[PDB]
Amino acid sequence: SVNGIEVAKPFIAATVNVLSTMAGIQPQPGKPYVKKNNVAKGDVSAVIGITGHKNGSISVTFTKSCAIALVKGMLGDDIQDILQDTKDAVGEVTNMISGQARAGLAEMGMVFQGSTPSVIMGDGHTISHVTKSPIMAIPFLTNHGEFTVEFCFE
């Protein structure tokens, strides 16, 4: 269910595949939507820049409880460096969501290259993509909290 937003499909598929395979977490998407100057607010995020004929961004923003559970699912309970691990894990998950979503977008006729991820930490920080276009956001729920996937291009 994509609320009329066809580009949400590759993101939902990518997000579910990556979290299920890498972390054993089956995330539940909420309603996709588009909004000018949409802002995501959370505790740990990652941002990837995408380029091509059209240019933009992909980001994933997690609540702290959601990210902690993600990292535990990915690495196990044998984790000593929670800080660097949370960074590397969120970065890796975002990188694979970008990879699989862009594979799907390319099948839909939109070819994008992707950068490496930048991880943002800080409780209650905001991510604001600066673009002329509306920004797509899809909230997801897990048993341990929420995260939001965003995508835009111009």
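Throughout, we count residues from 1 along the sequence that is shown.
Enquirer: Between 80-88 and 67-75, point out the one with the higher average CA B-factor as the PDB entry records it.
Expert: Higher of the two, by average CA B-factor, is 80-88.
Enquirer: Taking the recorded C-alpha temperature factors, which stretch has the higher mean, 33-41 or 95-103?
Expert: Mean B over CA atoms: larger for 33-41.
Enquirer: Between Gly56, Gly109, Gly124, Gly114, where does the Cα B-factor run highest in the record?
Expert: The listed residue with the largest C-alpha B-factor is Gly109.
Enquirer: Relative to the other modelled residues in the chain, which third contains the C-alpha temperature factor of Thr51: lowest, middle or highest?
Expert: Lowest third of the chain for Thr51's C-alpha B-factor.
Enquirer: What third of its chain's C-alpha B-factors does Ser118 belong to: lowest, middle or highest?
Expert: It falls in the bottom third of the chain.
Enquirer: Where does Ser128 sit by CA temperature factor within its chain: lowest, middle or highest third?
Expert: According to the entry, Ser128 has a C-alpha B-factor in the chain's lowest third.
Enquirer: Taking the C-alpha B-factors as the PDB entry records them, is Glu154 in the lowest, middle or highest third of its chain?
Expert: It falls in the middle third of the chain.
Enquirer: Can you tell me whether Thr61 has a C-alpha B-factor in the lowest, middle or highest third compared with the other modelled residues of the same chain?
Expert: Lowest third of the chain for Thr61's C-alpha B-factor.
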